[PDB]
file start.cif (mmCIF, C-alpha atoms and all ligand atoms)
data_work
loop_
_atom_site.group_PDB
_atom_site.id
_atom_site.type_symbol
_atom_site.label_atom_id
_atom_site.label_comp_id
_atom_site.auth_asym_id
_atom_site.auth_seq_id
_atom_site.Cartn_x
_atom_site.Cartn_y
_atom_site.Cartn_z
ATOM 1 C CA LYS Q 16 -17.435 16.575 17.070
ATOM 2 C CA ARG Q 17 -15.986 13.577 15.247
ATOM 3 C CA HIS Q 18 -14.744 10.220 16.502
ATOM 4 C CA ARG Q 19 -12.339 7.894 14.715
ATOM 5 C CA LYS Q 20 -11.445 4.160 14.505
ATOM 6 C CA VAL Q 21 -8.059 3.052 15.782
ATOM 7 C CA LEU Q 22 -6.361 -0.338 15.649
ATOM 8 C CA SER O 194 2.525 -28.658 10.049
ATOM 9 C CA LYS O 195 2.357 -25.004 11.201
ATOM 10 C CA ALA O 196 4.169 -24.125 7.933
ATOM 11 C CA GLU O 197 1.693 -25.600 5.378
ATOM 12 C CA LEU O 198 -1.287 -24.290 7.396
ATOM 13 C CA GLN O 199 0.133 -20.723 7.556
ATOM 14 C CA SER O 200 0.550 -20.918 3.737
ATOM 15 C CA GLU O 201 -3.026 -22.260 3.157
ATOM 16 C CA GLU O 202 -4.428 -19.546 5.510
ATOM 17 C CA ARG O 203 -2.547 -16.798 3.623
ATOM 18 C CA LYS O 204 -3.878 -18.041 0.288
ATOM 19 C CA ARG O 205 -7.500 -18.055 1.482
ATOM 20 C CA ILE O 206 -7.230 -14.538 2.893
ATOM 21 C CA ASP O 207 -5.290 -13.063 -0.045
ATOM 22 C CA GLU O 208 -7.746 -14.632 -2.462
ATOM 23 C CA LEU O 209 -10.581 -12.882 -0.694
ATOM 24 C CA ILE O 210 -8.841 -9.531 -0.397
ATOM 25 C CA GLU O 211 -8.108 -9.558 -4.113
ATOM 26 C CA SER O 212 -11.596 -10.725 -5.252
ATOM 27 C CA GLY O 213 -13.319 -8.111 -3.017
ATOM 28 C CA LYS O 214 -15.864 -10.845 -2.653
ATOM 29 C CA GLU O 215 -18.173 -9.981 0.268
ATOM 30 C CA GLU O 216 -20.454 -12.982 0.470
ATOM 31 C CA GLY O 217 -22.510 -13.888 3.491
ATOM 32 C CA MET O 218 -23.557 -10.329 4.440
ATOM 33 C CA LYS O 219 -26.387 -7.833 3.876
ATOM 34 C CA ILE O 220 -27.222 -4.231 4.873
ATOM 35 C CA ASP O 221 -30.062 -3.691 7.433
ATOM 36 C CA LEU O 222 -31.411 -0.725 9.383
ATOM 37 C CA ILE O 223 -30.599 -0.894 13.073
ATOM 38 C CA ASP O 224 -32.575 1.106 15.680
ATOM 39 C CA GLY O 225 -30.367 3.924 16.999
ATOM 40 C CA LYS O 226 -27.372 3.113 14.743
ATOM 41 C CA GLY O 227 -28.464 3.765 11.156
ATOM 42 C CA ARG O 228 -27.294 1.123 8.692
ATOM 43 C CA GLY O 229 -25.472 -1.979 9.824
ATOM 44 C CA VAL O 230 -24.428 -5.311 8.372
ATOM 45 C CA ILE O 231 -26.178 -8.583 9.202
ATOM 46 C CA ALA O 232 -24.595 -12.031 8.616
ATOM 47 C CA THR O 233 -26.606 -14.137 6.116
ATOM 48 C CA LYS O 234 -24.563 -17.254 6.668
ATOM 49 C CA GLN O 235 -22.611 -18.763 9.514
ATOM 50 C CA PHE O 236 -18.984 -17.668 9.982
ATOM 51 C CA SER O 237 -16.527 -19.795 11.997
ATOM 52 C CA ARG O 238 -14.093 -18.453 14.542
ATOM 53 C CA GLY O 239 -11.064 -17.163 12.655
ATOM 54 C CA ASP O 240 -12.799 -16.835 9.259
ATOM 55 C CA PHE O 241 -12.209 -13.854 7.017
ATOM 56 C CA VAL O 242 -15.367 -11.758 7.171
ATOM 57 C CA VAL O 243 -14.577 -8.640 5.150
ATOM 58 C CA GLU O 244 -11.917 -6.141 4.427
ATOM 59 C CA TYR O 245 -12.162 -2.625 5.892
ATOM 60 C CA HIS O 246 -11.807 -1.265 2.411
ATOM 61 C CA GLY O 247 -11.297 2.364 1.525
ATOM 62 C CA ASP O 248 -8.490 4.679 0.552
ATOM 63 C CA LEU O 249 -5.138 3.738 2.143
ATOM 64 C CA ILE O 250 -3.395 7.009 3.028
ATOM 65 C CA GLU O 251 -0.525 8.224 5.245
ATOM 66 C CA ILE O 252 -0.592 10.702 8.133
ATOM 67 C CA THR O 253 -0.271 14.000 6.273
ATOM 68 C CA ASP O 254 -3.143 13.242 3.937
ATOM 69 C CA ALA O 255 -5.219 11.898 6.812
ATOM 70 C CA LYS O 256 -4.877 15.213 8.716
ATOM 71 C CA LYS O 257 -5.804 17.241 5.650
ATOM 72 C CA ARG O 258 -8.902 15.128 5.172
ATOM 73 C CA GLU O 259 -10.125 15.324 8.831
ATOM 74 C CA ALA O 260 -9.903 19.133 8.797
ATOM 75 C CA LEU O 261 -12.176 19.087 5.736
ATOM 76 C CA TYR O 262 -14.599 16.500 7.077
ATOM 77 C CA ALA O 263 -15.104 18.334 10.391
ATOM 78 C CA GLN O 264 -16.545 21.344 8.521
ATOM 79 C CA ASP O 265 -19.527 19.097 7.514
ATOM 80 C CA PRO O 266 -21.800 17.367 10.183
ATOM 81 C CA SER O 267 -23.374 15.063 7.555
ATOM 82 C CA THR O 268 -19.980 13.486 6.629
ATOM 83 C CA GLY O 269 -19.811 10.814 9.303
ATOM 84 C CA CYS O 270 -16.804 9.104 10.776
ATOM 85 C CA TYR O 271 -15.149 6.400 8.647
ATOM 86 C CA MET O 272 -11.391 6.898 9.140
ATOM 87 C CA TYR O 273 -9.532 3.893 10.533
ATOM 88 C CA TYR O 274 -6.016 4.614 11.824
ATOM 89 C CA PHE O 275 -3.200 2.121 12.476
ATOM 90 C CA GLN O 276 0.554 1.795 12.871
ATOM 91 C CA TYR O 277 2.730 -0.074 10.405
ATOM 92 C CA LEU O 278 6.535 -0.172 10.356
ATOM 93 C CA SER O 279 6.817 2.870 12.658
ATOM 94 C CA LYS O 280 4.480 4.979 10.494
ATOM 95 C CA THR O 281 0.807 5.899 10.862
ATOM 96 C CA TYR O 282 -1.613 4.956 8.095
ATOM 97 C CA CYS O 283 -5.340 5.307 7.706
ATOM 98 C CA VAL O 284 -7.981 3.493 5.685
ATOM 99 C CA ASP O 285 -10.372 6.336 4.894
ATOM 100 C CA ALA O 286 -13.741 4.827 4.016
ATOM 101 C CA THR O 287 -15.645 8.122 4.132
ATOM 102 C CA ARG O 288 -16.695 7.902 0.464
ATOM 103 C CA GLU O 289 -19.946 6.022 -0.074
ATOM 104 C CA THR O 290 -19.248 2.765 -1.876
ATOM 105 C CA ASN O 291 -21.037 -0.599 -2.013
ATOM 106 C CA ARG O 292 -18.352 -2.110 0.244
ATOM 107 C CA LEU O 293 -19.640 -3.459 3.539
ATOM 108 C CA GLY O 294 -16.758 -3.201 6.049
ATOM 109 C CA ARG O 295 -17.396 0.553 6.383
ATOM 110 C CA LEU O 296 -21.044 0.000 7.434
ATOM 111 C CA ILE O 297 -20.243 -2.268 10.363
ATOM 112 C CA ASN O 298 -21.208 -0.719 13.755
ATOM 113 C CA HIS O 299 -19.299 -0.553 17.019
ATOM 114 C CA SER O 300 -19.318 -2.705 20.081
ATOM 115 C CA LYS O 301 -16.598 -3.299 22.637
ATOM 116 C CA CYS O 302 -18.022 -6.867 22.829
ATOM 117 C CA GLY O 303 -18.634 -7.608 19.190
ATOM 118 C CA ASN O 304 -17.965 -10.603 16.982
ATOM 119 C CA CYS O 305 -15.221 -9.369 14.697
ATOM 120 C CA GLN O 306 -11.647 -8.324 15.366
ATOM 121 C CA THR O 307 -9.611 -6.206 13.004
ATOM 122 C CA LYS O 308 -6.202 -7.549 11.943
ATOM 123 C CA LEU O 309 -3.356 -5.970 10.057
ATOM 124 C CA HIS O 310 -2.665 -8.242 7.087
ATOM 125 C CA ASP O 311 0.474 -7.606 5.136
ATOM 126 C CA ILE O 312 0.552 -8.334 1.474
ATOM 127 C CA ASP O 313 4.102 -7.666 0.349
ATOM 128 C CA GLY O 314 4.583 -4.619 2.603
ATOM 129 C CA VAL O 315 1.128 -3.164 1.690
ATOM 130 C CA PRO O 316 -1.027 -3.248 4.796
ATOM 131 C CA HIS O 317 -4.734 -4.231 4.706
ATOM 132 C CA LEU O 318 -7.208 -4.073 7.596
ATOM 133 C CA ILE O 319 -9.299 -7.197 7.647
ATOM 134 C CA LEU O 320 -12.136 -8.213 9.986
ATOM 135 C CA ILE O 321 -11.868 -11.800 11.202
ATOM 136 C CA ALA O 322 -14.646 -13.589 13.184
ATOM 137 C CA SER O 323 -13.590 -13.502 16.823
ATOM 138 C CA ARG O 324 -16.023 -16.321 17.523
ATOM 139 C CA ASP O 325 -18.544 -18.339 15.587
ATOM 140 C CA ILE O 326 -21.179 -15.929 14.142
ATOM 141 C CA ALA O 327 -24.770 -16.998 13.612
ATOM 142 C CA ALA O 328 -26.726 -15.982 10.496
ATOM 143 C CA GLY O 329 -28.966 -12.973 11.542
ATOM 144 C CA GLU O 330 -26.353 -11.407 13.840
ATOM 145 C CA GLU O 331 -25.260 -7.837 13.421
ATOM 146 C CA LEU O 332 -21.522 -7.795 12.625
ATOM 147 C CA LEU O 333 -19.777 -5.574 15.191
ATOM 148 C CA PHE O 334 -16.232 -4.717 16.175
ATOM 149 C CA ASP O 335 -14.473 -2.340 18.585
ATOM 150 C CA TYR O 336 -13.860 0.958 16.863
ATOM 151 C CA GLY O 337 -11.101 1.539 19.417
ATOM 152 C CA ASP O 338 -11.604 5.261 20.053
ATOM 153 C CA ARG O 339 -11.665 5.684 23.833
ATOM 154 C CA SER O 340 -10.904 9.382 23.968
ATOM 155 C CA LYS O 341 -12.858 11.636 26.317
ATOM 156 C CA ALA O 342 -13.747 14.026 23.429
ATOM 157 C CA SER O 343 -15.208 11.152 21.435
ATOM 158 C CA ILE O 344 -17.038 9.200 24.062
ATOM 159 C CA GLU O 345 -18.700 12.493 25.269
ATOM 160 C CA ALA O 346 -19.940 13.404 21.783
ATOM 161 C CA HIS O 347 -20.720 9.758 20.911
ATOM 162 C CA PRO O 348 -21.728 7.912 24.158
ATOM 163 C CA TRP O 349 -22.407 4.584 22.431
ATOM 164 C CA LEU O 350 -18.538 4.291 22.166
ATOM 165 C CA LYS O 351 -18.651 3.420 25.859
ATOM 166 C CA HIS O 352 -20.486 0.122 25.140
HETATM 167 N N1 LIG Q 401 -23.015 1.082 18.716
HETATM 168 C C1 LIG Q 401 -23.420 2.085 18.039
HETATM 169 N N2 LIG Q 401 -24.521 2.866 18.527
HETATM 170 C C2 LIG Q 401 -24.929 3.935 17.814
HETATM 171 N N3 LIG Q 401 -24.493 4.451 16.666
HETATM 172 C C3 LIG Q 401 -23.450 3.668 16.182
HETATM 173 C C4 LIG Q 401 -22.934 2.555 16.824
HETATM 174 N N4 LIG Q 401 -21.856 2.064 16.022
HETATM 175 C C5 LIG Q 401 -21.822 2.865 15.038
HETATM 176 N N5 LIG Q 401 -22.771 3.871 15.057
HETATM 177 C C6 LIG Q 401 -23.062 4.889 14.116
HETATM 178 O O1 LIG Q 401 -22.304 4.573 12.912
HETATM 179 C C7 LIG Q 401 -21.367 5.602 12.667
HETATM 180 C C8 LIG Q 401 -20.090 4.973 12.092
HETATM 181 S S1 LIG Q 401 -20.270 4.455 10.319
HETATM 182 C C9 LIG Q 401 -21.123 2.834 10.461
HETATM 183 C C10 LIG Q 401 -22.302 2.822 9.490
HETATM 184 C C11 LIG Q 401 -23.388 3.812 9.937
HETATM 185 N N6 LIG Q 401 -24.198 3.196 10.990
HETATM 186 C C12 LIG Q 401 -24.159 4.208 8.723
HETATM 187 O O2 LIG Q 401 -25.371 4.046 8.659
HETATM 188 O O3 LIG Q 401 -23.559 4.729 7.775
HETATM 189 C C13 LIG Q 401 -21.165 6.223 14.066
HETATM 190 O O4 LIG Q 401 -20.561 7.517 13.967
HETATM 191 C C14 LIG Q 401 -22.590 6.239 14.598
HETATM 192 O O5 LIG Q 401 -23.326 7.281 13.968
#

call {"tool": "encode", "arguments": {"input": "start.cif", "output": "structure tokens", "more": "lines below"}}
Ligand SMILES: Nc1ncnc2c1ncn2[C@@H]1O[C@H](CSCC[C@H](N)C(=O)O)[C@@H](O)[C@H]1O
result
Amino acid sequence: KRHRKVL
Amino acid sequence: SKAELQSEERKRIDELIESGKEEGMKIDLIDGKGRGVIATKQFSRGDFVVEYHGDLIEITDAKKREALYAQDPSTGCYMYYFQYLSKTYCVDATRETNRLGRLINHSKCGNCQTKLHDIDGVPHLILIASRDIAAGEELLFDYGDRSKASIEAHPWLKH
């Protein structure tokens, strides 16, 4: 299960 | 004057973006995180640290790529999403390179903050020192993913 990066 | 200073500040940053110069940093191994980036020099509050450099893509390509990445556990999670002029973009740093922004680990209480920096309508994600940074520190910034699905899989997002 992946996470992301978000501004 | 605010004017001249804003100009000087833009020229420093743009110079650094363009050179891809990444001085003052080195890769180390960090217990429980894998690789991370250590400062080898002092940075002052507000200084350009490094660009989050990778492939700048729009939303359709980003979705295509995520679907592909998810089918491989060893890929890792390097996509950095943002909004710019009412559209979603992504800097996808999944590809191994020698660039350092992509190796910086997460903390909600880190020492870098990511900024959107426009160069003629082309957005760049830059990491700026949010405070003075001592040589020997791990560079860290808030990845920003607070979603239940992510913080359950990856509990270190909570910190
Ligand atoms: N605070 C933290 N605690 C644990 N793992 C972390 C972390 N911040 C980042 N990571 C790890 O780093 C990944 C993002 S890519 C950052 C570089 C990575 N550490 C590497 O060696 O390639 C995360 O998915 C997680 O595996």

call {"tool": "residues_around", "arguments": {"input": "start.cif", "residues": "segment 278-288 of chain O", "least_positions_apart": "2", "cutoff": "6 Å", "atoms": "all atoms listed in the file", "output": "mmCIF file with C-alpha atoms, in the coordinates of the input"}}
result
data_model
loop_
_atom_site.group_PDB
_atom_site.id
_atom_site.type_symbol
_atom_site.label_atom_id
_atom_site.label_comp_id
_atom_site.auth_asym_id
_atom_site.auth_seq_id
_atom_site.Cartn_x
_atom_site.Cartn_y
_atom_site.Cartn_z
ATOM 1 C CA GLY O 247 -11.297 2.364 1.525
ATOM 2 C CA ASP O 248 -8.490 4.679 0.552
ATOM 3 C CA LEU O 249 -5.138 3.738 2.143
ATOM 4 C CA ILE O 250 -3.395 7.009 3.028
ATOM 5 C CA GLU O 251 -0.525 8.224 5.245
ATOM 6 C CA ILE O 252 -0.592 10.702 8.133
ATOM 7 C CA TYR O 271 -15.149 6.400 8.647
ATOM 8 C CA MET O 272 -11.391 6.898 9.140
ATOM 9 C CA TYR O 273 -9.532 3.893 10.533
ATOM 10 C CA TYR O 274 -6.016 4.614 11.824
ATOM 11 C CA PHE O 275 -3.200 2.121 12.476
ATOM 12 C CA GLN O 276 0.554 1.795 12.871
#

call {"tool": "closest_residue", "arguments": {"input": "start.cif", "among": "O:297, O:302, O:218, O:232", "to": "ligand LIG 401 (chain Q)", "atoms": "all atoms listed in the file"}}
result
O:297

call {"tool": "closest_atom_pairs", "arguments": {"input": "start.cif", "of": "chain Q", "to": "ligand LIG 401 (chain Q)", "cutoff": "10 Å", "atoms": "all atoms listed in the file", "output": "CSV"}}
result
residue,atom,partner,partner_atom,distance
Q:17,CA,Q:LIG401,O4,7.7
Q:18,CA,Q:LIG401,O4,6.9
Q:19,CA,Q:LIG401,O4,8.3
Q:20,CA,Q:LIG401,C8,9.0

call {"tool": "resolve_selection", "arguments": {"input": "start.cif", "expression": "the PyMOL selection byres (((chain O and resi 298) around 7) and not hetatm)", "output": "PyMOL selection string"}}
result
chain O and resi 229+296-297+299-300+333-334

call {"tool": "interface_residues", "arguments": {"input": "start.cif", "of": "chain O", "to": "chain Q", "cutoff": "10 Å", "atoms": "all atoms listed in the file", "output": "PyMOL selection string"}}
result
chain O and resi 259+262-264+266+268-276+283-285+299+306-309+318+335-340+342-347+350

call {"tool": "resolve_selection", "arguments": {"input": "start.cif", "expression": "the PyMOL selection byres (((chain O and resi 194-211) around 7) and not hetatm)", "output": "MDAnalysis selection string"}}
result
chainID O and resid 212:214 241 244

call {"tool": "atom_distance", "arguments": {"input": "start.cif", "atom1": "atom CA of residue 348 of chain O", "atom2": "atom CA of residue 267 of chain O"}}
result
18.2 Å

call {"tool": "atom_distance", "arguments": {"input": "start.cif", "atom1": "atom CA of residue 323 of chain O", "atom2": "atom CA of residue 305 of chain O"}}
result
4.9 Å

call {"tool": "atom_distance", "arguments": {"input": "start.cif", "atom1": "atom CA of residue 291 of chain O", "atom2": "atom CA of residue 220 of chain O"}}
result
9.9 Å

call {"tool": "axis_aligned_box", "arguments": {"input": "start.cif", "around": "segment 253-259 of chain O", "padding_each_side": "4 Å", "output": "lines of an AutoDock Vina configuration file"}}
result
center_x = -5.2
center_y = 14.6
center_z = 6.4
size_x = 17.9
size_y = 13.3
size_z = 12.9

call {"tool": "resolve_selection", "arguments": {"input": "start.cif", "expression": "the PyMOL selection byres (((chain O and resi 242) around 9) and not hetatm)", "output": "ChimeraX atom specification"}}
result
/O:215-218,236,239-241,243-244,294,305,319-322

call {"tool": "write_last_selection", "arguments": {"input": "start.cif", "atoms": "C-alpha atoms", "output": "PDB file, in the coordinates of the input"}}
result
ATOM      1  CA  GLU O 215     -18.173  -9.981   0.268  1.00  0.00           C
ATOM      2  CA  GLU O 216     -20.454 -12.982   0.470  1.00  0.00           C
ATOM      3  CA  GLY O 217     -22.510 -13.888   3.491  1.00  0.00           C
ATOM      4  CA  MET O 218     -23.557 -10.329   4.440  1.00  0.00           C
ATOM      5  CA  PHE O 236     -18.984 -17.668   9.982  1.00  0.00           C
ATOM      6  CA  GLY O 239     -11.064 -17.163  12.655  1.00  0.00           C
ATOM      7  CA  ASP O 240     -12.799 -16.835   9.259  1.00  0.00           C
ATOM      8  CA  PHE O 241     -12.209 -13.854   7.017  1.00  0.00           C
ATOM      9  CA  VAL O 243     -14.577  -8.640   5.150  1.00  0.00           C
ATOM     10  CA  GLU O 244     -11.917  -6.141   4.427  1.00  0.00           C
ATOM     11  CA  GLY O 294     -16.758  -3.201   6.049  1.00  0.00           C
ATOM     12  CA  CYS O 305     -15.221  -9.369  14.697  1.00  0.00           C
ATOM     13  CA  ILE O 319      -9.299  -7.197   7.647  1.00  0.00           C
ATOM     14  CA  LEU O 320     -12.136  -8.213   9.986  1.00  0.00           C
ATOM     15  CA  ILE O 321     -11.868 -11.800  11.202  1.00  0.00           C
ATOM     16  CA  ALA O 322     -14.646 -13.589  13.184  1.00  0.00           C
TER      17      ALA O 322
END

call {"tool": "closest_residue", "arguments": {"input": "start.cif", "among": "O:219, O:293, O:301, O:245", "to": "residue 349 of chain O", "atoms": "all atoms listed in the file"}}
result
O:301
